[PDB]
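Report on one structure; see the data block that follows.
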Protein chains: 2
Amino acid sequence: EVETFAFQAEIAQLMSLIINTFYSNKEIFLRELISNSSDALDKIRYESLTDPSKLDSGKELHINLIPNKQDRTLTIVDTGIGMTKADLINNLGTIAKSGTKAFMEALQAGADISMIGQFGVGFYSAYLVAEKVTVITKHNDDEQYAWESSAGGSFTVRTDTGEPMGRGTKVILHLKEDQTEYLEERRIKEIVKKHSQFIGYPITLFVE
Amino acid sequence: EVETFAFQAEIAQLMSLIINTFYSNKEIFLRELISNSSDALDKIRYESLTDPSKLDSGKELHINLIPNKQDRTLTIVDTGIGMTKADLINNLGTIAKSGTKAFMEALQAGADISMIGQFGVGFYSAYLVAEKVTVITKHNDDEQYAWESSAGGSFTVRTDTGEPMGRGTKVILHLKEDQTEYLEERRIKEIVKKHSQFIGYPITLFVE
Ligand SMILES: CCCc1nc2ccccc2c2nc(N)nn12
Ligand SMILES: CCCc1nc2ccccc2c2nc(N)nn12
């Protein structure tokens, strides 16, 4: 059973801005997603200090970047804390509401799209390069979910009956036709070195 | 009753590096503490979405910067999530252990002290300007604590029987004799504008 939801108006407006604005420095999407993964990993690590059973879903704390030319996807995988159904449907959108407003105000004040991460909505920079984003996530004490959106004001959530992940988040970027450079090893390696050099977790770039 | 603890060796080593290294761009301490406050405020806001009773200790989410020439202090106050006794004594030091190692490696690799925030140990940049740091903190379901350190490898924690805060953290910087510029309105305002322009909470700079 697939449920369809409308984004909050402000989020839909943000996504359209991201999709519509002429902005060539698209590569910043990768720094934002890795930064989200790092935050998610910081969260599970912190929580495991007071409750060590939280690592029973997996002890290794890392980030994998997986390009697939056959499927035209770049997947960012982490073993961070994961997201609950409420995160996916309600909670994150509520945080995203005030961030969006500030960001859209800052852009009019002369800021640029690369600063999106300072407003807590960097996940949406995925839409710089992806026609569709699929997010597979698994939080302790909740089921595994698949969230999906090709923008246009709506997203879906289903209970994921695919392959179990243990704990964490996979962001699958279905790349736009003209954005397949982000499937190239040299290109990803360049970007990670330029913007994500000091992340406190191993980042493995998979090869094809 | 005041308890005295030793920092972990790596943290003590970090503090000595911060205190000893010739480094003129000391003003970055303020961006790091405001960033910590913003993170703490993000935390309480997020948690209150699933448990609204968490805001019974105070709904207003903000940052105050309070200079006091008489006491030679600059205080950074937030109404974020606050810290537990275990945070103060154990948990934060455990996170700080891996961050320190990476940071001290990056510095040898050619990085500079301003990048300290990317390694999760930015709190310690307080020692660029402060001879002593006093932290008053109050987390829901725990008592109010005072943490204190003038470095030298040890810190203290006591149950705080001073004035109740409701919920959040006050970082009181007892400034070094030659660092009283950070008590000046123009100077603080300049620094906040330069480095903390897009924080998602009101930051009130108090006057004297
Ligand atoms: C968890 C932080 C990254 C993240 N992941 C998502 C996944 C699905 C839907 C929305 C989001 C989402 N909204 C915001 N503001 N951040 N965010
Ligand atoms: C809560 C994040 C800021 C913070 N506050 C403290 C207060 C007292 C002792 C240690 C810390 C501390 N250690 C680290 N790594 N961050 N941190």
Side-chain angles (χ1 to χ4, degrees), chain A residues 5 7-8 10-11 14-15 32-33 35-40 42-43 46 76 78 80-100 103 116-117 119-126 133-137 139 145-149 155-157 168-171, chain B residues 5 7-8 10-11 14-15 32-33 35-40 42-43 46 76 78 80-100 103 116-117 119-126 133-137 139 145-149 155-157 168-171:
Chain A
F5 303 84
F7 290 103
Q8 261 133 9
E10 298 83 344
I11 303 313
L14 171 67
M15 295 172 74
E32 298 305 323
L33 299 177
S35 163
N36 289 347
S37 287
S38 182
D39 294 350
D42 285 348
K43 222 162 292 186
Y46 171 80
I76 297 78
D78 67 69
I81 195 163
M83 290 171 285
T84 66
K85 202 174 177 200
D87 286 335
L88 292 174
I89 293 159
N90 250 59
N91 298 342
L92 299 169
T94 313
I95 303 155
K97 215 177 157 204
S98 52
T100 290
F103 177 51
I116 184 165
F119 302 90
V121 290
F123 165 79
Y124 294 102
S125 71
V133 178
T134 307
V135 180
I136 312 299
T137 193
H139 187 292
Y145 299 108
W147 173 105
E148 197 163 62
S149 185
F155 64 94
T156 61
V157 176
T169 297
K170 287 205 281 209
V171 184
Chain B
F5 303 84
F7 290 103
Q8 261 133 9
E10 298 83 344
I11 303 313
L14 171 67
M15 295 172 74
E32 298 305 323
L33 299 177
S35 163
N36 289 347
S37 287
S38 182
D39 294 350
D42 285 348
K43 222 162 292 186
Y46 171 80
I76 297 78
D78 67 69
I81 195 163
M83 290 171 285
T84 66
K85 202 174 177 200
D87 286 335
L88 292 174
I89 293 159
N90 250 59
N91 298 342
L92 299 169
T94 313
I95 303 155
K97 215 177 157 204
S98 52
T100 290
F103 177 51
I116 184 165
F119 302 90
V121 290
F123 165 79
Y124 294 102
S125 71
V133 178
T134 307
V135 180
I136 312 299
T137 193
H139 187 292
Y145 299 108
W147 173 105
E148 197 163 62
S149 185
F155 64 94
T156 61
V157 176
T169 297
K170 287 205 281 209
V171 184

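Both backbone and side-chain heavy atoms feed into the values below; hydrogens, waters and symmetry mates do not. Here is the naming used below: chain letters follow the sequence lines, and residue numbers restart at 1 for every chain. Both ligands and their constituent atoms are indexed starting at 1 by order of listing.
For B:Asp42 (side chain) and B:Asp39 (main-chain N/O), no donor-acceptor pair under 3.5 Å exists by modelled atom type.
In terms of heavy-atom proximity, B:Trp147 sits nearest to B:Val157 at CD1-CG2, 4.1 Å.
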Pairs under 3.5 Å, N/O atoms on ligand 2 and on the protein: can you put them in a table with the distances?
from: ligand 2; atom 1: 15 (N); to: B:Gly120; atom 2: O; distance (Å): 3.3

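Ring pair B:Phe7/B:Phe155 is tilted by interplanar angle, where 30° to 60° counts as tilted.
Using a 4.5 Å heavy-atom threshold, the side chains of B:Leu33 and B:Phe123 count as touching. Looking at B:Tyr124 and B:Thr100, their side chains never come closer than 4.5 Å, going by heavy atoms from C-beta outward.
The side-chain hydrogen bond (donor to acceptor under 3.5 Å, both in side chains) test applied to A:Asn36 returns no partner, not counting sequence neighbours.
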